[PDB]
Amino acid sequence: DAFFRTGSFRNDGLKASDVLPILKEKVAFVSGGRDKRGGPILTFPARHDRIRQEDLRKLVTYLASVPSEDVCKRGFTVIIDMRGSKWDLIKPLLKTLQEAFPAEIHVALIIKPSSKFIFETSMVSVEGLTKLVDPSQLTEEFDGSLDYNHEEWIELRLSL
């Protein structure tokens with residue numbers, strides 16, 4: 001406590017440059033898409049290289065700060081694509097969000113290939129997503145029409 005910083009990254013003023021390697025890996029992204037309530041969408045697309053827990057905590061802390069304060073106030077819709085994956089590879093993402101995500105999670109929607117978290121979780125089909133999110137607000141992976149270029153987004157964030 002005299003040399004090393006420990007605990008939450010909430011007040012560390014993380015920038016895209018602080019999380020650049022994991023941003024490039026596209027473990028998670030904030031497309032700009034909004035759910036039907038007006039809340040922001042945080043996406044974890046289909047992943048096998050093990051990631052460092054601290055890198056994931058920094059990533060979700062940074063991504064929580066991406067939407068405007070008013071949009072964030074409605075809480076996030078988290079979309080996790082589990083198609084071609086397993087529960088043992090999804091549960092650690094939910095645990096890290098519960099421990100490190102500095103904003104409210106309204107609901108975590110898991111695309112089916114249970115509910116012991118502080119936020120609501122729902123096992124849904126890629127079509128069941130459209131009940132809570134308009135397809136114009138969903139990216140390509142979920143048969144949506146929202147244009148989102150992750151590499152371009154990173155370059156614009158680095159210019160902030």
# chains A, B, ... in the order shown; residues from 1 in each chain; ligands from 1
$ residues_around --residues "residue 44 (chain A)" --least-positions-apart "3" --cutoff "7 Å" --atoms "only C-alpha atoms" --output "PyMOL selection string"
chain A and resi 27-29+79-81
$ write_last_selection --atoms "N, CA and C atoms" --output "PDB file, in the first residue's frame"
ATOM      1  N   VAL A  27     -12.249  -9.010 -27.258  1.00  0.00           N
ATOM      2  CA  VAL A  27     -12.859  -9.848 -26.217  1.00  0.00           C
ATOM      3  C   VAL A  27     -14.272  -9.273 -25.938  1.00  0.00           C
ATOM      4  N   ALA A  28     -14.368  -7.935 -25.924  1.00  0.00           N
ATOM      5  CA  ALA A  28     -15.631  -7.240 -25.719  1.00  0.00           C
ATOM      6  C   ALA A  28     -15.607  -5.906 -26.431  1.00  0.00           C
ATOM      7  N   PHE A  29     -16.802  -5.380 -26.758  1.00  0.00           N
ATOM      8  CA  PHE A  29     -16.898  -4.091 -27.436  1.00  0.00           C
ATOM      9  C   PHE A  29     -18.201  -3.387 -27.112  1.00  0.00           C
ATOM     10  N   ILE A  79     -24.530  -8.653 -23.908  1.00  0.00           N
ATOM     11  CA  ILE A  79     -24.816  -9.770 -24.800  1.00  0.00           C
ATOM     12  C   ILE A  79     -23.574 -10.637 -24.848  1.00  0.00           C
ATOM     13  N   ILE A  80     -23.718 -11.891 -24.433  1.00  0.00           N
ATOM     14  CA  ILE A  80     -22.589 -12.825 -24.440  1.00  0.00           C
ATOM     15  C   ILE A  80     -22.950 -13.957 -25.391  1.00  0.00           C
ATOM     16  N   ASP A  81     -22.154 -14.148 -26.471  1.00  0.00           N
ATOM     17  CA  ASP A  81     -22.399 -15.228 -27.430  1.00  0.00           C
ATOM     18  C   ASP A  81     -21.685 -16.498 -26.952  1.00  0.00           C
TER      19      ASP A  81
END
$ residues_around --residues "region 148-158 of chain A" --least-positions-apart "2" --cutoff "8 Å" --atoms "only C-alpha atoms" --output "ChimeraX atom specification"
/A:15-17,20,23-24,26,29,31,139,146,160
$ write_last_selection --atoms "N, CA, C and O atoms" --output "PDB file, in the first residue's frame"
ATOM      1  N   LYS A  15      -7.526   4.957 -20.271  1.00  0.00           N
ATOM      2  CA  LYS A  15      -7.711   5.394 -21.654  1.00  0.00           C
ATOM      3  C   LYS A  15      -7.587   4.164 -22.543  1.00  0.00           C
ATOM      4  O   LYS A  15      -7.118   3.107 -22.086  1.00  0.00           O
ATOM      5  N   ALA A  16      -7.997   4.281 -23.810  1.00  0.00           N
ATOM      6  CA  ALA A  16      -7.883   3.190 -24.769  1.00  0.00           C
ATOM      7  C   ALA A  16      -6.412   2.688 -24.862  1.00  0.00           C
ATOM      8  O   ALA A  16      -6.171   1.481 -24.992  1.00  0.00           O
ATOM      9  N   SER A  17      -5.426   3.613 -24.769  1.00  0.00           N
ATOM     10  CA  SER A  17      -4.004   3.248 -24.829  1.00  0.00           C
ATOM     11  C   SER A  17      -3.598   2.311 -23.665  1.00  0.00           C
ATOM     12  O   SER A  17      -2.686   1.502 -23.822  1.00  0.00           O
ATOM     13  N   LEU A  20      -5.030  -1.242 -24.916  1.00  0.00           N
ATOM     14  CA  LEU A  20      -4.901  -1.457 -26.356  1.00  0.00           C
ATOM     15  C   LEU A  20      -4.723  -2.950 -26.762  1.00  0.00           C
ATOM     16  O   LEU A  20      -5.468  -3.369 -27.648  1.00  0.00           O
ATOM     17  N   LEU A  23      -8.086  -4.653 -26.312  1.00  0.00           N
ATOM     18  CA  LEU A  23      -9.050  -4.019 -27.218  1.00  0.00           C
ATOM     19  C   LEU A  23      -8.912  -4.635 -28.597  1.00  0.00           C
ATOM     20  O   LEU A  23      -9.904  -5.038 -29.189  1.00  0.00           O
ATOM     21  N   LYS A  24      -7.649  -4.775 -29.093  1.00  0.00           N
ATOM     22  CA  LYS A  24      -7.368  -5.362 -30.402  1.00  0.00           C
ATOM     23  C   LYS A  24      -7.851  -6.810 -30.489  1.00  0.00           C
ATOM     24  O   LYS A  24      -8.296  -7.218 -31.553  1.00  0.00           O
ATOM     25  N   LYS A  26     -10.538  -7.955 -29.283  1.00  0.00           N
ATOM     26  CA  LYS A  26     -11.992  -7.880 -29.420  1.00  0.00           C
ATOM     27  C   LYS A  26     -12.692  -8.941 -28.527  1.00  0.00           C
ATOM     28  O   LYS A  26     -13.588  -9.683 -28.976  1.00  0.00           O
ATOM     29  N   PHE A  29     -16.802  -5.380 -26.758  1.00  0.00           N
ATOM     30  CA  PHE A  29     -16.898  -4.091 -27.436  1.00  0.00           C
ATOM     31  C   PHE A  29     -18.201  -3.387 -27.112  1.00  0.00           C
ATOM     32  O   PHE A  29     -19.191  -4.024 -26.740  1.00  0.00           O
ATOM     33  N   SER A  31     -20.549  -1.215 -29.214  1.00  0.00           N
ATOM     34  CA  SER A  31     -20.841  -0.879 -30.606  1.00  0.00           C
ATOM     35  C   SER A  31     -21.510   0.482 -30.806  1.00  0.00           C
ATOM     36  O   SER A  31     -21.495   0.984 -31.920  1.00  0.00           O
ATOM     37  N   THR A 139     -25.164  -6.039 -33.981  1.00  0.00           N
ATOM     38  CA  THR A 139     -24.098  -6.166 -34.970  1.00  0.00           C
ATOM     39  C   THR A 139     -24.317  -7.459 -35.771  1.00  0.00           C
ATOM     40  O   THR A 139     -25.220  -8.247 -35.446  1.00  0.00           O
ATOM     41  N   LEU A 146     -26.540  -3.222 -37.548  1.00  0.00           N
ATOM     42  CA  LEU A 146     -25.723  -2.119 -37.045  1.00  0.00           C
ATOM     43  C   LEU A 146     -24.312  -2.228 -37.580  1.00  0.00           C
ATOM     44  O   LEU A 146     -23.655  -3.245 -37.367  1.00  0.00           O
ATOM     45  N   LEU A 160      -8.756  10.566 -28.579  1.00  0.00           N
ATOM     46  CA  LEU A 160      -9.428  11.303 -27.495  1.00  0.00           C
ATOM     47  C   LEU A 160      -8.420  12.015 -26.575  1.00  0.00           C
ATOM     48  O   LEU A 160      -7.572  11.380 -25.944  1.00  0.00           O
TER      49      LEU A 160
END
$ residues_around --residues "residue 9 (chain A)" --least-positions-apart "6" --cutoff "12 Å" --atoms "only C-alpha atoms" --output "PyMOL selection string"
chain A and resi 15+18-19+54-65+99-102
$ write_last_selection --atoms "N, CA and C atoms" --output "PDB file, in the first residue's frame"
ATOM      1  N   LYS A  15      -7.526   4.957 -20.271  1.00  0.00           N
ATOM      2  CA  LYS A  15      -7.711   5.394 -21.654  1.00  0.00           C
ATOM      3  C   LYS A  15      -7.587   4.164 -22.543  1.00  0.00           C
ATOM      4  N   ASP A  18      -4.304   2.377 -22.528  1.00  0.00           N
ATOM      5  CA  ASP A  18      -4.033   1.523 -21.371  1.00  0.00           C
ATOM      6  C   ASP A  18      -4.533   0.091 -21.563  1.00  0.00           C
ATOM      7  N   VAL A  19      -5.453  -0.123 -22.510  1.00  0.00           N
ATOM      8  CA  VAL A  19      -6.065  -1.438 -22.714  1.00  0.00           C
ATOM      9  C   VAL A  19      -5.955  -1.857 -24.169  1.00  0.00           C
ATOM     10  N   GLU A  54      -6.488  -9.401 -14.822  1.00  0.00           N
ATOM     11  CA  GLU A  54      -6.324  -7.944 -14.687  1.00  0.00           C
ATOM     12  C   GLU A  54      -6.605  -7.219 -16.013  1.00  0.00           C
ATOM     13  N   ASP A  55      -6.213  -7.810 -17.162  1.00  0.00           N
ATOM     14  CA  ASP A  55      -6.497  -7.213 -18.476  1.00  0.00           C
ATOM     15  C   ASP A  55      -7.995  -7.154 -18.733  1.00  0.00           C
ATOM     16  N   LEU A  56      -8.718  -8.207 -18.352  1.00  0.00           N
ATOM     17  CA  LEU A  56     -10.178  -8.231 -18.515  1.00  0.00           C
ATOM     18  C   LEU A  56     -10.845  -7.192 -17.575  1.00  0.00           C
ATOM     19  N   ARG A  57     -10.358  -7.075 -16.322  1.00  0.00           N
ATOM     20  CA  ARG A  57     -10.927  -6.077 -15.396  1.00  0.00           C
ATOM     21  C   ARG A  57     -10.730  -4.663 -15.943  1.00  0.00           C
ATOM     22  N   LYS A  58      -9.516  -4.368 -16.479  1.00  0.00           N
ATOM     23  CA  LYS A  58      -9.251  -3.045 -17.064  1.00  0.00           C
ATOM     24  C   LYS A  58     -10.149  -2.812 -18.277  1.00  0.00           C
ATOM     25  N   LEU A  59     -10.301  -3.836 -19.140  1.00  0.00           N
ATOM     26  CA  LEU A  59     -11.145  -3.707 -20.340  1.00  0.00           C
ATOM     27  C   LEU A  59     -12.597  -3.334 -19.979  1.00  0.00           C
ATOM     28  N   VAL A  60     -13.234  -4.105 -19.083  1.00  0.00           N
ATOM     29  CA  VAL A  60     -14.646  -3.840 -18.741  1.00  0.00           C
ATOM     30  C   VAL A  60     -14.784  -2.489 -17.998  1.00  0.00           C
ATOM     31  N   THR A  61     -13.754  -2.077 -17.232  1.00  0.00           N
ATOM     32  CA  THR A  61     -13.778  -0.765 -16.560  1.00  0.00           C
ATOM     33  C   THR A  61     -13.766   0.342 -17.615  1.00  0.00           C
ATOM     34  N   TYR A  62     -12.873   0.223 -18.614  1.00  0.00           N
ATOM     35  CA  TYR A  62     -12.782   1.211 -19.693  1.00  0.00           C
ATOM     36  C   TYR A  62     -14.089   1.268 -20.495  1.00  0.00           C
ATOM     37  N   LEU A  63     -14.617   0.104 -20.896  1.00  0.00           N
ATOM     38  CA  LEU A  63     -15.831   0.057 -21.724  1.00  0.00           C
ATOM     39  C   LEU A  63     -17.057   0.630 -21.021  1.00  0.00           C
ATOM     40  N   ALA A  64     -17.103   0.547 -19.679  1.00  0.00           N
ATOM     41  CA  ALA A  64     -18.231   1.104 -18.909  1.00  0.00           C
ATOM     42  C   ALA A  64     -18.334   2.622 -19.074  1.00  0.00           C
ATOM     43  N   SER A  65     -17.178   3.297 -19.321  1.00  0.00           N
ATOM     44  CA  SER A  65     -17.076   4.754 -19.476  1.00  0.00           C
ATOM     45  C   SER A  65     -17.367   5.243 -20.926  1.00  0.00           C
ATOM     46  N   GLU A  99     -17.685  -8.360 -10.276  1.00  0.00           N
ATOM     47  CA  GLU A  99     -16.647  -7.844  -9.388  1.00  0.00           C
ATOM     48  C   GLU A  99     -16.071  -6.502  -9.821  1.00  0.00           C
ATOM     49  N   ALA A 100     -15.888  -6.286 -11.131  1.00  0.00           N
ATOM     50  CA  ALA A 100     -15.144  -5.138 -11.629  1.00  0.00           C
ATOM     51  C   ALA A 100     -15.941  -4.093 -12.424  1.00  0.00           C
ATOM     52  N   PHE A 101     -17.059  -4.457 -13.082  1.00  0.00           N
ATOM     53  CA  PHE A 101     -17.813  -3.505 -13.906  1.00  0.00           C
ATOM     54  C   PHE A 101     -18.358  -2.336 -13.042  1.00  0.00           C
ATOM     55  N   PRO A 102     -17.922  -1.087 -13.296  1.00  0.00           N
ATOM     56  CA  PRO A 102     -18.344   0.026 -12.415  1.00  0.00           C
ATOM     57  C   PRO A 102     -19.730   0.628 -12.718  1.00  0.00           C
TER      58      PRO A 102
END
$ select_by_dssp --residues "region 19-143 of chain A" --states "strand (DSSP E or B)" --output "list in words"
residues 29, 34, 40, 41, 42, 43, 44, 76, 77, 78, 79, 80, 81, 105, 106, 107, 108, 109, 110, 111, 120, 121, 122, 123 and 124 of chain A
$ atom_distance --atom1 "CA of residue 77 (chain A)" --atom2 "CA of residue 35 (chain A)"
6.8 Å
$ select_by_dssp --residues "region 11-53 of chain A" --states "helix (DSSP H, G or I)" --output "NGL selection string"
:A and (16-18 or 20-25 or 53)
$ closest_atom_pairs --of "region 90-109 of chain A" --to "region 121-131 of chain A" --cutoff "7 Å" --atoms "only C-alpha atoms" --output "Markdown table"
| residue | atom | partner | partner_atom | distance |
| --- | --- | --- | --- | --- |
| A:107 | CA | A:121 | CA | 5.6 |
| A:108 | CA | A:121 | CA | 4.7 |
| A:109 | CA | A:122 | CA | 5.0 |
$ write_last_selection --atoms "N, CA, C and O atoms" --output "JSON list (two decimals), in the first residue's frame"
[["chain", "number", "residue", "atom", "x", "y", "z"],
["A", 107, "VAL", "N", -29.33, -6.38, -17.58],
["A", 107, "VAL", "CA", -29.50, -7.81, -17.89],
["A", 107, "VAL", "C", -28.32, -8.30, -18.72],
["A", 107, "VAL", "O", -27.77, -7.54, -19.51],
["A", 108, "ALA", "N", -27.94, -9.56, -18.50],
["A", 108, "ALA", "CA", -26.94, -10.26, -19.29],
["A", 108, "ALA", "C", -27.70, -11.32, -20.09],
["A", 108, "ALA", "O", -28.40, -12.16, -19.51],
["A", 109, "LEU", "N", -27.65, -11.19, -21.41],
["A", 109, "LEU", "CA", -28.32, -12.08, -22.35],
["A", 109, "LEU", "C", -27.31, -13.02, -22.93],
["A", 109, "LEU", "O", -26.36, -12.59, -23.60]]
$ closest_residue --among "A:67, A:120, A:104, A:113" --to "residue 87 (chain A)" --atoms "only C-alpha atoms"
A:113
$ atom_distance --atom1 "CA of residue 86 (chain A)" --atom2 "CA of residue 30 (chain A)"
23.0 Å
